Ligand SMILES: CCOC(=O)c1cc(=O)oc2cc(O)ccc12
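Just one chain follows, in the form deposited without the ligand, and it is written as structure tokens.
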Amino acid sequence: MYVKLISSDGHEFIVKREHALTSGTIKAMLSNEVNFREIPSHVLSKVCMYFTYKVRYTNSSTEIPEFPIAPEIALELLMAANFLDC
């Protein structure tokens, strides 16, 4: 029902399994817990939010909002999004 993702810096983001399955990389990483030796906190929190975002807005008339990304975070996120395929 829930899983845990652990950032390179210790922090634990506990999230729904389907939300996490969004990322194929993650899926494969269970089948529990995923440690992510390469993704800092300011980056995995945004990922999880993205899962929430995707999961809610996929298959939906109700006008969709911009997913937002602060500048400083963009590179790191792009690298994470790419490792994780999402």
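Numbering starts at 1 and runs along the sequence shown.
Below: the form deposited with the ligand bound, not depicted.
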Please work out, step by step, whether the site is open or blocked: first superpose the C-alphas near the site so the ligand is positioned as in the entry with it bound, then count ligand atoms within 2.4 Å of this form's backbone or C-beta atoms (3 or more = blocked).
open
In the entry with it bound, does residue 33 come within 4.5 Å of the ligand, counting heavy atoms only?
no
Taking heavy atoms only, is residue 86 within 4.5 angstroms of the ligand in the entry with it bound?
no
Contact flag, residue 39 vs the ligand in the entry with it bound, heavy atom cut 4.5 Å
yes
Quick check on residue 80: any heavy atom within 4.5 Å of the ligand in the entry with it bound?
yes
Exactly one residue in 9, 76, 18, 12 has a non-hydrogen atom within 4.5 Å of the ligand in the entry with it bound; which is it?
76
